[PDB]
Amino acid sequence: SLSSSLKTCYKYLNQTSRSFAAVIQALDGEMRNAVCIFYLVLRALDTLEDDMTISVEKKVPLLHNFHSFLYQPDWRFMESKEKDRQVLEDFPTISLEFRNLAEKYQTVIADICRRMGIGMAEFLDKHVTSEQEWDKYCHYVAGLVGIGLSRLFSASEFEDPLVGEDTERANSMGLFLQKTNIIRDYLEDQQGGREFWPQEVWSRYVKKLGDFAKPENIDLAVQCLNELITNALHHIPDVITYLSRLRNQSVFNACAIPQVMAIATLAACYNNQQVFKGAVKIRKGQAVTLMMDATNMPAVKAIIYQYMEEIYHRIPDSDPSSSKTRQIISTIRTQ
C-alpha cells in the first residue's frame, strides 16, 4: 500500500482535476507518481495566480519563488480564499512526495515551476494585446505544461528522447488546449472579471471585451469567435505530429484524450451564438464514445478530420475569416 502522504496526494488529484485524474492514474510505472505531483505543484501555483485577494506586489514574489518552496519542507500559504486552497495549506504533503521522486523528475518539475512563475508574474500588470502575446501567455500557462509532461515521458524512458526534445511540438499541444478553454469560457471569465481574448483581435469588433456579452452585439461576437477558433486550429498539424510519436499506450491515451476533447469543443463552439450566453459543452454520451475510440493514431486522425469537415461545412459565406479557416483545414486534411 502507498504511503499515507501519497494517498493524500491522489486524494487531492481526484478532488481538484475533473479532466486529468483518470488518465493520470492510468499511467504506467514511475510516470504515475511523477505526473500526479507535477499536476498538484502546478495546481497550487495556479491557485495563487488566480487569487485576486492577493495584491500584485505580494503575488509577484510568491510566483517567482514558488519553485524554491518545493525544497522548503514547511512552506505553506494560509491566506488563499480560493476553492482549491487545501493544496496550498497542506503544500508540505505535496512537497514531501515531490522530494520522494527520482531526481530526474524533480529537475523537470522544478524547472517548469520556475519558468511558469516568471511568466505568470509578467502578465499581472497587462492583458493580452497581440496574437503573438496570446501565444506567449498560453506558453506560460499551458505550453510549459506540455514541455514538462514531454520531458517527464522521456525521462521515464517509456518514450523516445525526441518527445522531450521537441519543445515546439509539445508547446503547441498546450496552446491548443489552452486557447480552446479560453475561447469556450468567454462568459464565465467575463463574469469573474477576467479577460483572456487578445485585445488586438476583439478591438476590431467592439470597444470593450464585455460588449460581446450584450445581445445586440452577437453578430460581431460570433465573427470574433470564428477568427479566434481559426487561430487555434493552426496548432493541429503539430498536435498530430506529437501524438504520432508516442509509443506507450497509457501515455498515448493521456495525451490524445484531452486533444480530441478540445477538437470536439472547438467544433461545437464554431459559429455558435451560445458561447456568448453560457458554457458550450460536448454531450456526455459523445465524450464517452471519444474516450473509447481515441486509443490509436488512425482513429485519432479520423476524429480530427470528422470535426474539421463539420466546421468546414458550417463556415458562413460572408465570414471574414472564411478563406483562412478553409486554408488551415485543408492543411490538416492533407498532412
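Residue numbers run from 1 along the displayed sequence.
Mean CA B-factor, 45 to 53 versus 277 to 285: the higher value falls on 277 to 285. The deposited model assigns a higher average Cα B-factor to 76 to 84 than to the other stretch when 76 to 84 and 178 to 186 are compared. Taking the deposited Cα B-factors for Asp111, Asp219, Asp125, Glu227, the highest one is held by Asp125. Annotation for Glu195: C-alpha temperature factor in the highest third relative to the rest of the modelled chain, per the entry.
Among the modelled residues of its chain, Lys214 has a C-alpha B-factor that falls in the highest third, as given in the PDB entry. In the deposited entry, the Cα temperature factor of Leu266 sits in the middle third of values across the chain's modelled residues. Ranked by Cα temperature factor within the chain, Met308 sits in the highest third according to the deposited record. For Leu70, the recorded CA temperature factor ranks within the lowest third of the chain's modelled residues.
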